[PDB]
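Quick notes on the structure that follows.
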Amino acid sequence: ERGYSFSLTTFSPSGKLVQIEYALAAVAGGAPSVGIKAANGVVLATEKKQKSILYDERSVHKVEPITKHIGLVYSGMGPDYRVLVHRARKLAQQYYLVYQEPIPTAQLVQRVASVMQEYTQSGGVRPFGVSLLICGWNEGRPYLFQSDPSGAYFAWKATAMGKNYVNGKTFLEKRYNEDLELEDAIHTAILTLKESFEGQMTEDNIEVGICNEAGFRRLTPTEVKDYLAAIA
Amino acid sequence: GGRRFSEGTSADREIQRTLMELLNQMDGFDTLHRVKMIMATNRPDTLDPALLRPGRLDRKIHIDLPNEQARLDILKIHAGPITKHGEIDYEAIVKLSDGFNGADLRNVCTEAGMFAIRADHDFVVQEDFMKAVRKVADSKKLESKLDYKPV
Amino acid sequence: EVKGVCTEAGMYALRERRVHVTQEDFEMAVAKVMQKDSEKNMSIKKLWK
Amino acid sequence: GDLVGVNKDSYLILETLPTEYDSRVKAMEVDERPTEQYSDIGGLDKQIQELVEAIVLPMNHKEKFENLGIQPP
Amino acid sequence: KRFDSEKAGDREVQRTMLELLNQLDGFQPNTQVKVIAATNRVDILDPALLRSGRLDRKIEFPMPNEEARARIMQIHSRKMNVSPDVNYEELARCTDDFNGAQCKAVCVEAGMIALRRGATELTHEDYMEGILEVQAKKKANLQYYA
Amino acid sequence: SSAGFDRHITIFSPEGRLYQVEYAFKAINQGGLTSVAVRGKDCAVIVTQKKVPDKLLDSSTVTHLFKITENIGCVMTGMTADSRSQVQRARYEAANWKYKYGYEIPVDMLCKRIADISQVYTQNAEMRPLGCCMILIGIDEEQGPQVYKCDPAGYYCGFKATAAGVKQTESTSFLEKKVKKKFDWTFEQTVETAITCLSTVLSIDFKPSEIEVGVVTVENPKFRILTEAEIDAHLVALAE
Amino acid sequence: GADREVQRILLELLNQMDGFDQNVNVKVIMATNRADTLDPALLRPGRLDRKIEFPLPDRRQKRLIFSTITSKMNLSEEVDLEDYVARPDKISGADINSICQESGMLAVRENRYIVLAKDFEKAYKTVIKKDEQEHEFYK
Amino acid sequence: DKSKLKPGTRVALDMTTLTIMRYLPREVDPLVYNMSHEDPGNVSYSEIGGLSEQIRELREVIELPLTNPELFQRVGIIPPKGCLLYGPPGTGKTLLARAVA
Amino acid sequence: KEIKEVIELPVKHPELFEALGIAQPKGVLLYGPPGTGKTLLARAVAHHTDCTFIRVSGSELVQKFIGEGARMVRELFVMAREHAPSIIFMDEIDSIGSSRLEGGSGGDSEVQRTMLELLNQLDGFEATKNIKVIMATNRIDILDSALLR
Ligand SMILES: Nc1ncnc2c1ncn2[C@@H]1O[C@H](COP(=O)(O)OP(=O)(O)OP(=O)(O)O)[C@@H](O)[C@H]1O
Ligand SMILES: Nc1ncnc2c1ncn2[C@@H]1O[C@H](COP(=O)(O)OP(=O)(O)OP(=O)(O)O)[C@@H](O)[C@H]1O
């Protein structure tokens, strides 16, 4: 490059930022996803489709692990997702080289959102088009956080993103209670993902990852075929 | 026609109202019977999609210029009733021509008629056609940005 | 909009052929009328705190 | 579209009234063209002929262009 | 140069352009009246009426030569009293980048310059003064250039 | 609509889209070429025609079938100048896998490294996003054959049989009708379908001089470009 | 002197829409293409209450529309339309009618009266040549 | 025949008696009179070349409803309205309107 | 409470306002953008007042050709002064009353004469009495500001 470095995101005359609001529009028209925190573990459930019978499902993965106990899904766009995965992978290593201890889940999200915000103020680039759902069972209590293209973190009990997320939002508002078990959380997570799905819900149309206090665990399609018997 | 849009210099508001009248009257609440409509243009790129939607304009059809045998057939049509001797190399006329237009091959049949009336000839020779194309070939190539981009 | 909620809660009880109304009838009635372009999303209004 | 003469009482059509129009093209009618000798033009005599071949012979030889099988431009 | 909807010349021109075009060939044959229409610019036109059917006899106007301009100046000088010792080689050599309007304009000025001093004749000196009076000696020393 | 400079540089639209990248998807179609990839049970076929407009032009320096490593080949569509720039990147990062890690690079991991680079060109706004496609083949240990496709947006996935180029929606529609009927796939069963799909979509029924076949096999993992004679041998064999 | 005439029509409309008489036992129905364009004083409840959207017909409605058109059509005995139901590239309702007409106009043309399940494929390929796919990017 | 006097028809009143003399069907508006009366070309599908695929397809949808609707009975399906002649210029698109007229 | 004691209080007890030394108000503007209490509050005060109520929408005075739409302006107020216990109601003064534009370009000066007449009748000649006007429209940024002093 040359030395331009001019930020292409400035304030509106109203006083809002324009490109971040447009980046949120790309997230809302993405694949639906749901995450539920249920007092012994946290369950991530995304919704994976294939436009043909020609694609392969053992290749592209949505639920992606980070350390040994920290999972991560998204709802926005695809190529930008893999960037900040590899960024967060290295970002958890400088914690572990220095402190010799697995990084707490709150400590990642402070660092990932700091990457993402500082990315928007600098010049020549667009913001990301990805929102995240990060979870983990650190120090007894499990956790569930959500980031955004603006770079703001939250702490949900149960949220949803992607298409028709407000419909899934009201559904969890009646479905979720003070506490459940892990298996009940999986049963209501498939229930809310079956809200806006299509007719074929096989072991390949959904893709589910959990966080035990024993650790992160990604579910193979065998159990998801077995657990979808009398689903929702 | 054209596309609807936002705040648009109030002259344009009328033409959208004229267009909305046309969309309603030819296909709306009433039943248009024994009536057929032939629309013809060159820029079908940006219109109202409510105008191009089927039911009112069912089958659109594209009409292409080059076939290399059509330009042979267009040439035989326009040079049908012309006095000559049959010494007409149509293939070299077809090969050397960038006419691309039945009006242009009408113009080529006009030009070779103009050279033939020069030097007092009732018949038309093949060289008149070779002068007819080169006048056509020069007249077109003295132009720039001659775009031909539809939908 | 108070009238619209009263009409929608009335219309929901009509199709059930019922002269009674619940609290939930109004909850789905307000959610019908509250249909705006400034969508909720939790991220439009929390990034600006 | 004709401007016929009408009786004021019987309303009968009896006249033709040669039907003028707007004054703007009336202002565009320029007659009495002065004869300019072609030799006033220098160096452009080929274009003069190609014009005279294009227009004047269609004006004169109306039937030479009809029996040949062509149409004047 | 059509398909361009940009303010303000996007609406008022294209119909009058079209109502021209659909009048020229159009639907019914118009073999009653001839059109000899002329421009001074080619490429700005869109290829809509620009093809054959309509205006197809492209008559380029070349730049007038030294021999063309010297011929033209001799024509406009014919109506006045001119001394016969006028070299057209010098005139064609000194006249550069003129047209028929500008070759006429020098010939009017060189006669009026001769009207000022009261002679009844002309020389090459009059026309050189007539040439210099056209542009009125365009020379600004931009002074950057050595 | 268009806000700011969303038609020009890689920023967002008010509709939550962008436009430069989806212009680049139909920057392939100015190439005027169609390539088909089919994976069988123990092979992986790449087939691609070539157009030779001039007799004064070689029949050697034309074919898009390139060789990344000794066990990985590819095919390029789109424009040609952007294609060979893409290939030198793939040749370069395959060798760095050897020098850093020691073993041969998998065909899956290479498509990540390519799609990351295409991401960045989308990402920073002051550079062009390189419109050309990418299809790889290769044999993995304890995984069999693979077929992948990088895109100028920056995403990839595995496939079973997937074409690219100009004609996909007729070519992929035929391959779906071929796969879902659950037939056998051995070697020549896989090669014959890779011809007849490209035969029926293009509707040519050609002479064995335009297409090139780049099969890789489990028994012979070397990337191999077929001879014109044996290309003619398969074509008359499927002919009844 | 034209935007004032449109504006006074709106004010005249809303007065006798809802003024001092609230004219009983009449109903007003409107049907435009874009509703984010018109006046926000029109969309208020108590003046217009039913904000009915007509979206594009999805799957499970194509089977409804195909059933109703071909209830009147004398088509083939053993053609199935189900391959052309799960298709992408969303299709408006009037397109289905055009496909059915374009099939029949092709069915007449070779002096026939019934369907051989090839004219439907031509009509489907005919009507679809437009701009297309979601590009499998940003999901 | 007062049953024909439909509320919205047009009549001719007497000048003095003012009563109805003769009813008149419609108006013409001599503006659009000029868009009716003109000759196309007396052309006969023979002043056109290389287009018989497009021509026969176009004639199929126009001629058949205005001539023989019994084929459309035997199918049942209603015929559609019309076509669009889009094309880059000079291809001969106004020449077809001569032919059908 | 503001409207009741700006309308019924000048009527029922005018001697109070004639005792301080200042004059009684006659001009009321109501505005609310979504239409909240813009007719109900009008029809209620039209109900329990025992006073004459005149409602004229600001869209009727337009009349086809010239002058006729202007002459009935003064013909209204002389009827309004004919019954001194009366209130004129205006409905949606937004079109007639926008802005005095140019005359050769758009902004046709035909309804402008009525706005000139309306402003110069109530206070152009004599300050009348027992006449209360009520104007109800939203959009208080687009109508004219001379009647807003
Ligand atoms: N394919 C063709 N075959 C025979 N004659 C043709 C053909 N195309 C054009 N012509 C000639 O063109 C003239 C008709 O004009 P034409 O329809 O070509 O203009 P156009 O295509 O309508 O132009 P535009 O598209 O700009 O309106 C006729 O005189 C005819 O002789
Ligand atoms: N305080 C209230 N109590 C009961 N209903 C109300 C109240 N405020 C508003 N409404 C309802 O709102 C609707 C609008 O009436 P309102 O007079 O408030 O505005 P409006 O005159 O219709 O607006 P506009 O002047 O734009 O026409 C009425 O149907 C009314 O029932």
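Residue numbers (the authors' numbering), protein chains in the order written: chain W, 3 to 234; chain B, 239 to 389; chain V, 358 to 406; chain U, 148 to 220; chain P, 294 to 439; chain S, 5 to 244; chain H, 280 to 418; chain Y, 88 to 188; chain C, 159 to 307. Yeah, the Cβ is synthetic: ideal placement off N, Cα and C, and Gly gets one too.
For H:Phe345, the enclosing alpha helix (DSSP H) has its first and last residue at 341 to 349. Taken atom to atom, the span from the alpha-carbon of W:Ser124 to that of S:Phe16 is near 16 Å. Residue-level contact by beta carbon holds for Y:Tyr173 and chain B, with a gap shorter than 8 Å.
At least one CB atom of chain H sits nearer than 8 Å to the CB of S:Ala157. Taking C-beta atoms as the reference points, W:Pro34 and W:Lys165 count as a pair closer than 8 Å. For C:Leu188, the enclosing beta strand (DSSP E) begins and ends at 185 to 188.
For P:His369, the enclosing alpha helix (DSSP H) begins and ends at 359 to 369. If the five residues before and after W:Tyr178 are omitted, its C-beta is found closer than 6 Å to the C-beta atoms of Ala160, all from its own chain and listed in chain order. Excluding sequence positions up to five before and after C:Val214, its CB lies within less than 8 Å of the CB of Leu234, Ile246, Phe247, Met248, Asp249, all in the same chain and listed in chain order. Taking a cut-off of 8 Å for Cβ pairs, the segment 192 to 204 of chain S and the segment 143 to 154 of chain S do not touch, as fewer than three such pairs fall below it. Within the chosen limit of 7 Å, ligand 2 does not reach the beta carbon of Y:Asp126 with any heavy atom. Assigned with DSSP and collapsed to three states, B:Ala278 falls in strand. The residue among Y:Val148, Y:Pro156, Y:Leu158 with its C-alpha nearest the C-alpha of B:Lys274 is Y:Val148.
The Cβ atoms of W:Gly126 and W:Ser7 sit closer than 8 Å to each other. Going by beta carbons, U:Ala201 and P:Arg362 fall outside the 8 Å limit. Linking P:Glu402 to P:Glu426 through their CA atoms gives a straight-line distance of about 8 Å. By the CB criterion at 8 Å, S:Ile50 and S:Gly169 fall outside the cutoff. Within the model, the alpha-carbon separation for W:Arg113 versus W:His71 is close to 17 Å. If you look at V:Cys363, you'll find it in the alpha helix (DSSP H) that goes 359 to 372. Within 7 Å of the C-beta of W:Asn166 there is not a single heavy atom belonging to ligand 1.
Cβ-Cβ separation between B:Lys322 and B:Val362: approximately 5 Å, consistent with a contact (criterion under 8 Å).
The C-beta of P:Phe320 comes closer than 8 Å to at least one C-beta of chain Y. For the options S:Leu242, S:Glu130, S:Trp101, the alpha carbon positioned closest to that of W:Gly5 is the one of S:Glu130.
Within 7 Å of the C-beta of Y:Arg143 there is not a single heavy atom belonging to ligand 1. Here W:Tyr83 is buried: its Cβ has 16 or more other Cβ atoms, across all protein chains shown, within 10 Å.
Ranked by how close their Cα comes to the Cα of W:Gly217, the residues W:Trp139, W:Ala47, W:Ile22, W:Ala162 have W:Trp139 in first place. Y:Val119 is not a Cβ neighbour of Y:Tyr110, given a cutoff of 8 Å. For C:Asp249, the beta-bridge partners assigned by DSSP are C:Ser215, C:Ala294.
P:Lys397 sits in a helix when the DSSP states are folded into three classes.
Inter-residue distance for H:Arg323 and V:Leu404 is about 30 Å (C-alpha atoms, whole angstroms). Per DSSP, the continuous beta strand (DSSP E) segment holding Y:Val98 begins and ends at 97 to 100. At a cut-off of 8 Å between C-beta atoms, Y:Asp88 does not count as an interface residue with respect to chain P. By the Cβ-count criterion, Y:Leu138 is buried, with 16 or more other Cβ atoms from all chains shown falling within 10 Å of its own Cβ. When Cβ pairs closer than 8 Å are counted between the two stretches, the segment 184 to 202 of chain C is seen not to touch the segment 169 to 187 of chain Y, the count staying below three. Ranking C:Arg297, C:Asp299, C:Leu305, C:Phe283 by CA distance to the CA of C:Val291 puts C:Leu305 first. Taking the Cα positions, V:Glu373 is about 13 Å away from V:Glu365.
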